[PDB]
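One-letter residues, chain by chain:
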Amino acid sequence: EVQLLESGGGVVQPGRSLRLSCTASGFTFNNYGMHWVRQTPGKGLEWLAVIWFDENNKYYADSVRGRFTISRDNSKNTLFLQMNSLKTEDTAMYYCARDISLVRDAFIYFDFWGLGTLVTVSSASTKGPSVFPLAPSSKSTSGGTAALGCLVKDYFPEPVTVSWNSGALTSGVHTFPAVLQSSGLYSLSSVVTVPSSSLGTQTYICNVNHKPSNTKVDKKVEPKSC
Amino acid sequence: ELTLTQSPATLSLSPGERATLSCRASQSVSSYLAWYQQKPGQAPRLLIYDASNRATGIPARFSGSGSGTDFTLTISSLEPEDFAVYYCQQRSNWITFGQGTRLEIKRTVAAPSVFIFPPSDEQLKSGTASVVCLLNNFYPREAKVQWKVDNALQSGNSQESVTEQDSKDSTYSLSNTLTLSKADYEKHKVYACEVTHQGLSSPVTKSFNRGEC
Amino acid sequence: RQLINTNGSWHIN
Ligand SMILES: [K+]
Ligand code: NA
């Protein structure tokens with residue numbers, strides 16, 4: 001089967017360089033042109049570079065020309081993207097993609113994509129989250145349902161994992177996508193809705209694990225008298 | 001500089017139905033247009049190239065047409081897997097992509113349940129204050145949250161995050177967080193989050209006073 | 001073969 005395997009993602013400081021790799025299997029790599037394309041939720045998909053059959057035959061988007069270099073090692077079936085002078089704006093998911101490569105006369109279309117490597121360009125230091133309760137109240141219950149949660153604030157880098165009652169409570173849990181704050185740190189909330197009657201008699205604990213910092217927290221969330 | 005514009009931004013359909021998607025170019029790209037599907041947390045998948053050609057193994061239920069500046073993808077007999085984002089791409093001049101069309105599952109309107117959370121004593125003790133407004137299990141996806149501090153409409157001090165459409169009930173949930181410094185927070189008395197949504201006849205406001213709940 | 005880009009336009013030789 002056709003396969004494109006990308007290097008694992010991580011953090012790199014502004015100004016520094018980073019080389020991504022993508023290794024092909026299950027087809028004759030030498031017979032295909034290859035591309036790098038990146039994606040952000042804010043700016044969408046952006047093509048970056050192409051390398052054709054001959055390893056010296058390359059093109060680049062105006063945005064990265066002279067900063068990025070694409071290359072290929074056919075003996076190792078590997079495609080590289082060398083990124084230099086990185087800026088925070090280069091933070092993105094980076095995909096390698098195979099060109100359709102003249103099969104059925106077509107070219108400059110991406111017929112197979114890797115899963116992507118997430119590159120975070122940031123000067124932030126590794127930091128564990130502060131966890132704060134989002135307390136429920138009998139005042140705030142809507143139609144017999146109460147909401148409670150934990151705010152997981154000021155951590156770096158992504159990701160954090162949140163569970164409730166060690167994984168025992170899954171129904172009605174929503175853990176929101178993280179947002180990057182002006183500080184360069186991330187924040188998210190995890191919430192759960194429960195029957196308003198269970199507030200006094202049921203214990204609710206949010207378990208936050210931040211593996212990039214190897215950090216763990218168990219936080220009991222209790223009702224307030226409002 | 002060649003721009004591709006996709007429409008509709010969002011399409012709400014049910015499995016078994018037909019979706020019609022459009023891509024318009026700022027100037028002619030001849031037939032140099034492709035369509036991709038991207039399922040959440042996965043790699044894009046090439047559907048159509050040269051405006052109307054199906055990629056190897058792509059079912060005929062994906063059908064592309066058009067030329068010049070006007071293009072269409074139709075997807076017949078929608079499958080559960082098809083609810084995803086679709087992008088167009090041109091290769092007439094360099095390579096650019098449209099901004100995507102989102103295909104989601106239609107269901108009946110459900111108004112959000114709205115909850116407001118004052119900052120904890122612990123957080124305030126740390127020097128900042130986050131006020132969290134939660135809108136739970138609503139449909140459709142469009143919802144608006146307006147913060148008011150002592151009744152004054154707010155701008156620029158909040159961040160919003162929405163879940164993916166829920167597998168179980170096809171609803172969405174949303175968190176909107178107002179972040180203030182501790183002193184700034186302590187300078188105002190009434191905090192309120194005002195919610196508008198299709199399922200609500202008039203806006204819903206949840207509020208609290210500083211130091212209370 | 002060879003991929004040619006001429007002011008944005010793609011060609012094959
Ligand atoms: K170039
Ligand atoms: Na970052």
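Along every chain, residue numbers run from 1 in sequence order, not necessarily as the entry numbers them; residues that have no coordinates are omitted. Chains carry letters and ligands carry numbers; both start at the beginning, A for chains and 1 for ligands, and go up in the order they are written. Just so you know, side-chain values use all the structure's heavy atoms and leave hydrogens and water out. Residues with missing side-chain atoms are left out of burial classes, side-chain pairs and their counts.

What the entry reports as its method is X-ray crystallography, with 1.805 Å given for the resolution.

Just to check I follow, could you spell out the overall build of chain A for this structure?
Across its full length, chain A carries zero helices and 19 strands. Against the 2.2 N^0.38 benchmark of 17 Å for 226 residues, chain A shows a C-alpha radius of gyration of 23 Å, more extended than a compact globule. Each principal axis of the C-alpha distribution contributes one length, and for chain A these read about 70 × 40 × 25 Å. Exposure classes here rest on a 1.4 Å probe applied to the protein chains alone. A residue is buried below 20% of its type maximum, exposed above 50%, and partly exposed in between. The buried share of chain A, taken over its 226 residues, is 50%. Throughout, a residue-residue contact means that at least one pair of heavy atoms, one from each residue, lies within 4.5 Å. Within chain A, contacts between residues at least 6 apart in sequence are counted, and of these 60% link residues at least 24 apart. Accessible surface, chain A: about 10,000 Å² in total, of which carbon and sulfur atoms supply 46%. Secondary structure elements follow DSSP: runs of H or I no shorter than four residues count as helices, runs of E no shorter than two count as strands, and numbering proceeds from the N terminus. Radius of gyration means the value over C-alpha atoms here, while the globule rule gives 2.2 Å times the residue count to the 0.38 power. Throughout, the Shrake-Rupley method with a 1.4 Å probe supplies accessible areas, and for residues the shown protein chains are the sole cover considered.

Help me understand the nonpolar core in this model?
Across soluble globular proteins, nonpolar side chains have a tendency to be buried as a group. In this structure, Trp47(A), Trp113(A), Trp35(B) and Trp10(C) are the most contacted members of the largest nonpolar core, which totals 55 residues. With sequence-adjacent residues up to four places away left out, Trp10(C) is seen in contact with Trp47(A), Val50(A), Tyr59(A), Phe107(A), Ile108(A), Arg91(B), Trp94(B), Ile95(B), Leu3(C), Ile4(C) and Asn5(C). We define the nonpolar core as a collection of buried residues of types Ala, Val, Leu, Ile, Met, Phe, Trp, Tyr and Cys that are connected through side-chain atoms lying within 4.5 Å of one another. Counting 26 residues, the second largest nonpolar core, distinct from the first, contains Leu20(A), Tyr32(A), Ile51(A) and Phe68(A).

Sorry, what's going on with the pattern of salt bridges here?
A side chain with one charge can pair with a side chain of the opposite charge if their charged atoms come near. Here, a salt bridge means any side-chain nitrogen of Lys or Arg that lies within 4 Å of a carboxyl oxygen of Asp or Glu. Within the structure shown, the criterion is met by twelve salt bridges over all chains. Residue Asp90(A) is joined to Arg67(A) by a salt bridge in which the shortest nitrogen-to-oxygen separation is 2.7 Å. A residue pair is termed long-range when its members are at least 10 positions apart, and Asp90(A) in the loop between β8 (78-83) and β9 (92-99) and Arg67(A) in the loop between β6 (58-60) and β7 (68-73) qualify at 23 residues. Residue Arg24(B) is joined to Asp70(B) by a salt bridge in which the shortest nitrogen-to-oxygen separation is 3.2 Å. Of this pair, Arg24(B) sits in strand β3 (residues 19-25) while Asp70(B) sits in strand β8 (residues 70-75); the two residues are 46 residues apart in sequence, bridging distant segments of the chain. In this structure, a network of salt bridges that share partners links the residues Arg38(A), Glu46(A), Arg67(A) and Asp90(A).

Explain empty space enclosed by the protein here, please?
Empty space among the atoms becomes apparent when a probe as large as a water molecule is rolled across them. Using a 1 Å grid laid over the protein atoms alone, points where a 1.4 Å probe fits but cannot get out form a cavity; open sets with protein on both sides within 12 Å along at least 5 of 7 lines form a pocket; any residue with an atom within 4 Å of a point counts as lining. Grid points are joined across faces, edges and corners, and a volume is the space filled by probe spheres set on the points. Within this model, the largest cavity holds a volume of roughly 130 Å³. In this structure, the largest cavity is lined by 15 residues; those nearest its centre are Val179(A), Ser187(A), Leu188(A), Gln159(B) and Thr177(B). When contributions to the lining of the largest cavity are tallied by element, the ones reaching two or more residues are β13 (145-155) and β17 (186-195) of chain A together with β16 (158-162) and β17 (172-181) of chain B. We call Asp, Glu, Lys and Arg charged. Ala, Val, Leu, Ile, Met, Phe, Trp, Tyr, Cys and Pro are nonpolar, and the rest, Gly among them, are polar. Its residues placed into classes, the lining of the largest cavity shows four nonpolar, nine polar and two charged.

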